[PDB]
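To start, the structure itself, in structure tokens.
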6 protein chains.
Amino acid sequence: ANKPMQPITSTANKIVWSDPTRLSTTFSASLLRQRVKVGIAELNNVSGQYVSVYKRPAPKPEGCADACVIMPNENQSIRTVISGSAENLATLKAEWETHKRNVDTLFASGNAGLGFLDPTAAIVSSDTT
Amino acid sequence: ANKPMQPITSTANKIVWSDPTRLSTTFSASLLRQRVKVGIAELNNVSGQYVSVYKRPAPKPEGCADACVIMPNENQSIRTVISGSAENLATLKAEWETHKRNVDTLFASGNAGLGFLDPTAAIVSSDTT
Amino acid sequence: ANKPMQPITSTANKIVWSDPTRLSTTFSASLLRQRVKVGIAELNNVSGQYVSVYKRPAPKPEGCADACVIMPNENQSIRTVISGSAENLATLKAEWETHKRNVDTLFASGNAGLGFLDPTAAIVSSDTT
Amino acid sequence: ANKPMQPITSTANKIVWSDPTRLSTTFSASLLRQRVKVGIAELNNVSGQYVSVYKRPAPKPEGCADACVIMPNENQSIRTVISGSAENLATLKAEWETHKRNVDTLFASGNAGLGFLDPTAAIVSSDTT
Amino acid sequence: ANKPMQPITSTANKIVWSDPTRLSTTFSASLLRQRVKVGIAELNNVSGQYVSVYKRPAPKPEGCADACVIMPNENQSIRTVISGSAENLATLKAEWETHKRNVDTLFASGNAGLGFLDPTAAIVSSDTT
Amino acid sequence: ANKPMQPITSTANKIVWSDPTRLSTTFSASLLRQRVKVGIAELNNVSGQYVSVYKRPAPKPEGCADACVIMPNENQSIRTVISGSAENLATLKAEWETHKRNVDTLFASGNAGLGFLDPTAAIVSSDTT
């Protein structure tokens, strides 16, 4: 099905995968750690930055067509940042799920891609009733 | 199930939701529309920034006490940036799903949330055959 | 039959639609609400402005060229302004119909589209006997 | 059934029809011709401006039901501007039809004339499926 | 029974409902948010402002009993300001009920509307016995 | 059931009540009488102002503390202004009732007390059929 990608670059801080069949397609994950003190407690805050980059050509316009014309590619980027204390990861996972579902409601099932924000979208919190 | 929110700030470019039961837990989406001149083609680029913020109290020591003691609050934040051409929204949604899967197989499934990122993760691309 | 479009910007006074398949073909409606006093009485005046814009390429000579590179394209704009008191809306609608009729008998049927007048054209009023 | 008007004023660009029985209602057409270049060719642009004007008395008090009472007349004005090259007249007429239907959807059928909009309107494009 | 109004002007801060049949009557709500500190804790203050406006003609001469006679409309305005922390909403609602009862005692029942004050009125507190 | 209070300051234009058991919880009514010309006629305009003030402590965490020290306390204020001609008081009373209804369906029932608007609220007018 989907092409597996292998780590081009490996580091204690950064790892990057790419498609061997298409070196432009990349998926990069980074982690950054801090020793954070709140109140009296000590927590291990971590910021996970995940970037998905794809290189896609422009659609086919009209004026000189054959089966032998290419359009210059355009960048498609998706960046996700997850910041939170490692000590409280169980709730963070559920909040990630809620974030995914809200983004799907706005975008994957709405005209957010077009550029219109629907104030009537059903946006729900992480906390269940 | 999940408690719905309602808009607090409305704009043609930004809408912010908040939980009536618990304030300070917000889900703000901002959209930006541009006119990117690809090399030979004119494309309408849409940049969407999705932010979800939760204030979670810090965990208390085991068997600490009753609610007579209140802990400081964490900052569980999720930021997602979707950038792409409006023309290729059909492919962009698939890229978004693959981004979900790749992030899940490290953060949700794996231990990336604790700072342990695994080079052996089963990363997949958006190209499916 | 006819492909619908989606709104991109919605306010309390202006809404913009555009074709997802082919952007730059827009239909925007704008309203201005004013309080106008006529005689002893005072009426609410509504000024509706509607703009239809289609971006169109230059006319194509028959069999002249194939279908990739975009030639320069022209604007094709229609602008309609409706002014009247909401207290007197039915007559305004009737006059809108008669305006359609006159514009059609000059432009749709006659040679006004090319830029030719016709003093012999059969113009009709909203008043009916 | 409608009372025809006759041209009060005749000019190479301006013609004004007015009702002999009621000179307060007029329909005037104005065309401005222009020569424009679209790079590959020179086109003849025309901008037809169509104005429908009617002087209408303010609505009577409900149940007044007499000819004795008279009130000052408001202005009901409809201004239409058609622009585009004469070469593309055939498709410009179709765009005119689509514009007519959209304006009917908002104003005629809908309650857009009263001073408020509906983003859920069913707007359609000029280009068919 | 009562005529419903619909939001003519919408904003995250301001919303205005007006009667489509009679645009002279409006109900407008405005909310101002504020963060206030009472030393021990931080509270979210909200100051809801609500305005009811109606244009009403002056009373007819006694026994006139015709639709022919009309007179200019006066202003009937009711402004309500609700202030208080969102935390104490439960008791603020009871305070609202008590305020309603007191205003009914003075104005609705007594001659407060005509300009007559009664110090002997039976005012009641928010706190029950 | 509900404890009454006593007036403390009575004039011909302003009366102040306060709870003997717990003062600073006051209810003051003030009136302004003006002579306003409308059309040929002249009407007596009455401007009634009613203020309900409750001095309330900060929200109390459950079982947090026993019973001496006054923590800092917040204000809970309600201000109602009634404007209209005494010559037309009957309609003003019904409009007051409808104002109650709208304020209740936003604040008492809806989430307006927290800072959440609702364009979908069932706002109704005094005009009844």
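Every chain in the structure tokens has a letter given in the order shown (A, B, ...), and although residue numbers restart at 1 in each chain, ligands are simply numbered from 1 in the order shown.
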For this session: Report, to one decimal in Å, the C-alpha RMSD of chain F against chain A after an in-order least-squares superposition over all those atoms.
Result: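 Fitting chain F to chain A over paired C-alpha atoms yields 1.8 Å.
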Using only C-alpha atoms, I'd like a table of the residues in chain E that come within 7 Å of chain F; for each, show the closest atom pair and its distance in Å rounded to one decimal, ordered by chain and ascending number, as CSV.
```
residue,atom,partner,partner_atom,distance
E:1,CA,F:129,CA,4.9
E:2,CA,F:128,CA,4.2
E:3,CA,F:125,CA,5.3
E:4,CA,F:124,CA,4.2
E:5,CA,F:123,CA,5.7
E:7,CA,F:119,CA,6.4
E:31,CA,F:115,CA,6.5
E:33,CA,F:115,CA,6.9
E:38,CA,F:72,CA,5.7
E:39,CA,F:72,CA,6.8
E:46,CA,F:115,CA,6.5
E:52,CA,F:99,CA,6.5
E:59,CA,F:88,CA,6.6
E:71,CA,F:39,CA,7.0
E:72,CA,F:39,CA,5.9
E:75,CA,F:84,CA,6.3
E:76,CA,F:84,CA,4.9
E:77,CA,F:83,CA,5.2
E:78,CA,F:82,CA,5.0
E:79,CA,F:81,CA,5.1
E:80,CA,F:80,CA,4.5
E:81,CA,F:79,CA,5.1
E:82,CA,F:78,CA,5.0
E:83,CA,F:77,CA,5.3
E:84,CA,F:76,CA,4.8
E:86,CA,F:114,CA,5.2
E:87,CA,F:59,CA,6.6
E:88,CA,F:59,CA,6.6
E:89,CA,F:113,CA,6.6
E:93,CA,F:108,CA,6.3
E:99,CA,F:52,CA,6.3
E:108,CA,F:93,CA,6.3
E:113,CA,F:86,CA,6.3
E:114,CA,F:86,CA,5.1
E:115,CA,F:46,CA,6.3
E:117,CA,F:12,CA,6.8
E:119,CA,F:10,CA,6.4
E:123,CA,F:4,CA,5.7
E:124,CA,F:4,CA,4.0
E:125,CA,F:4,CA,5.5
E:127,CA,F:2,CA,6.4
E:128,CA,F:2,CA,3.9
E:129,CA,F:2,CA,5.1
```
Convert the current residue selection to file output with C-alpha atoms, as a PDB file, in the first residue's frame.
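The result, stored in part-v7.pdb:
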```pdb
ATOM      1  CA  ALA E   1     -47.801  34.534  18.973  1.00  0.00           C
ATOM      2  CA  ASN E   2     -44.959  36.999  19.375  1.00  0.00           C
ATOM      3  CA  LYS E   3     -43.042  37.942  16.252  1.00  0.00           C
ATOM      4  CA  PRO E   4     -39.628  36.247  16.195  1.00  0.00           C
ATOM      5  CA  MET E   5     -36.694  38.393  15.204  1.00  0.00           C
ATOM      6  CA  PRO E   7     -29.951  38.511  13.921  1.00  0.00           C
ATOM      7  CA  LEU E  31     -21.071  41.267  26.359  1.00  0.00           C
ATOM      8  CA  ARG E  33     -15.410  40.240  29.248  1.00  0.00           C
ATOM      9  CA  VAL E  38     -10.064  39.448  44.430  1.00  0.00           C
ATOM     10  CA  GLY E  39      -6.677  38.724  45.964  1.00  0.00           C
ATOM     11  CA  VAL E  46     -18.765  39.587  32.439  1.00  0.00           C
ATOM     12  CA  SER E  52     -34.854  46.646  23.821  1.00  0.00           C
ATOM     13  CA  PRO E  59     -51.564  57.870  21.512  1.00  0.00           C
ATOM     14  CA  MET E  71     -48.635  60.697  14.508  1.00  0.00           C
ATOM     15  CA  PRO E  72     -44.866  60.503  15.005  1.00  0.00           C
ATOM     16  CA  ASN E  75     -39.019  55.907  21.815  1.00  0.00           C
ATOM     17  CA  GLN E  76     -39.522  53.047  24.255  1.00  0.00           C
ATOM     18  CA  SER E  77     -36.126  51.865  25.473  1.00  0.00           C
ATOM     19  CA  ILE E  78     -35.247  49.280  28.114  1.00  0.00           C
ATOM     20  CA  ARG E  79     -31.594  48.836  29.054  1.00  0.00           C
ATOM     21  CA  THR E  80     -30.362  46.114  31.387  1.00  0.00           C
ATOM     22  CA  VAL E  81     -26.797  45.655  32.611  1.00  0.00           C
ATOM     23  CA  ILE E  82     -25.810  42.391  34.287  1.00  0.00           C
ATOM     24  CA  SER E  83     -22.398  42.427  35.954  1.00  0.00           C
ATOM     25  CA  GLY E  84     -20.670  39.752  37.986  1.00  0.00           C
ATOM     26  CA  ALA E  86     -18.959  33.908  35.914  1.00  0.00           C
ATOM     27  CA  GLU E  87     -18.176  31.734  38.943  1.00  0.00           C
ATOM     28  CA  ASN E  88     -21.187  33.053  40.874  1.00  0.00           C
ATOM     29  CA  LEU E  89     -23.670  32.623  38.022  1.00  0.00           C
ATOM     30  CA  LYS E  93     -29.509  34.246  38.501  1.00  0.00           C
ATOM     31  CA  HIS E  99     -34.431  42.271  40.742  1.00  0.00           C
ATOM     32  CA  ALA E 108     -45.376  47.029  36.747  1.00  0.00           C
ATOM     33  CA  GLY E 113     -43.961  54.515  35.461  1.00  0.00           C
ATOM     34  CA  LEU E 114     -46.019  57.678  35.858  1.00  0.00           C
ATOM     35  CA  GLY E 115     -43.397  59.358  38.039  1.00  0.00           C
ATOM     36  CA  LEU E 117     -42.558  56.889  44.018  1.00  0.00           C
ATOM     37  CA  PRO E 119     -41.450  54.486  49.911  1.00  0.00           C
ATOM     38  CA  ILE E 123     -39.138  45.324  48.532  1.00  0.00           C
ATOM     39  CA  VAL E 124     -37.529  41.924  49.070  1.00  0.00           C
ATOM     40  CA  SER E 125     -33.944  40.718  49.243  1.00  0.00           C
ATOM     41  CA  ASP E 127     -31.324  36.103  50.282  1.00  0.00           C
ATOM     42  CA  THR E 128     -34.266  34.080  51.540  1.00  0.00           C
ATOM     43  CA  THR E 129     -35.088  33.725  55.220  1.00  0.00           C
TER      44      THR E 129
END
```
For this session: as JSON, numbers by chain, please: all residues of chain B that backbone DSSP puts in strand (DSSP E).
Result: {"B": [2, 3, 4, 6, 7, 8, 9, 10, 14, 15, 16, 17, 18, 26, 27, 28, 29, 30, 31, 32, 33, 34, 35, 36, 37, 42, 43, 44, 45, 46, 47, 48, 49, 50, 51, 52, 53, 54, 76, 77, 78, 79, 80, 81, 82, 83, 84, 85, 124, 125, 126, 127, 128]}
Restricting the output to C-alpha atoms, write the selected residues as a compact mmCIF listing (two decimals), in the first residue's frame.
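Generated file (selection-v4.txt):
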```txt
# COMPACT_ATOMS: atom_id res chain seq x y z
CA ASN B 2 -17.42 15.31 24.83
CA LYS B 3 -18.51 18.71 26.06
CA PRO B 4 -19.09 21.08 23.12
CA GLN B 6 -19.05 27.80 21.57
CA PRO B 7 -17.25 30.64 19.75
CA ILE B 8 -15.85 33.43 21.87
CA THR B 9 -13.99 35.58 19.33
CA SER B 10 -15.21 35.70 15.75
CA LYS B 14 -10.09 33.63 13.27
CA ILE B 15 -12.60 31.89 15.54
CA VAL B 16 -12.02 30.78 19.12
CA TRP B 17 -14.04 28.21 21.06
CA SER B 18 -14.21 27.75 24.82
CA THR B 26 -9.75 26.76 23.97
CA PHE B 27 -9.60 25.58 20.36
CA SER B 28 -8.65 28.45 18.06
CA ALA B 29 -8.44 28.12 14.28
CA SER B 30 -6.89 30.81 12.09
CA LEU B 31 -6.92 30.82 8.30
CA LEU B 32 -4.81 32.81 5.86
CA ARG B 33 -5.39 33.01 2.10
CA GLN B 34 -2.72 34.07 -0.38
CA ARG B 35 -2.14 34.21 -4.13
CA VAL B 36 1.08 32.27 -4.70
CA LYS B 37 2.48 32.64 -8.21
CA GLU B 42 -1.24 31.16 -10.38
CA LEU B 43 -2.36 29.24 -7.30
CA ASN B 44 -4.55 30.17 -4.35
CA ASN B 45 -2.68 29.01 -1.26
CA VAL B 46 -4.51 28.47 2.03
CA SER B 47 -2.65 28.37 5.35
CA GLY B 48 -4.59 27.09 8.35
CA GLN B 49 -3.30 27.26 11.92
CA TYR B 50 -5.16 25.14 14.47
CA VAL B 51 -4.36 25.61 18.16
CA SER B 52 -5.80 23.60 21.06
CA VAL B 53 -4.82 24.61 24.59
CA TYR B 54 -5.74 22.96 27.88
CA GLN B 76 -0.98 21.06 27.25
CA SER B 77 -0.78 22.71 23.83
CA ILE B 78 -1.31 21.32 20.33
CA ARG B 79 -0.56 23.42 17.26
CA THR B 80 -1.25 22.22 13.72
CA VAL B 81 -0.33 24.15 10.58
CA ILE B 82 -1.88 23.12 7.27
CA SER B 83 -0.38 24.84 4.23
CA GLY B 84 -1.23 23.94 0.66
CA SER B 85 -2.83 24.95 -2.59
CA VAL B 124 4.46 5.36 5.63
CA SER B 125 4.12 7.82 2.78
CA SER B 126 0.98 9.28 1.26
CA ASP B 127 1.67 7.46 -2.02
CA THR B 128 -0.27 4.19 -1.92
```
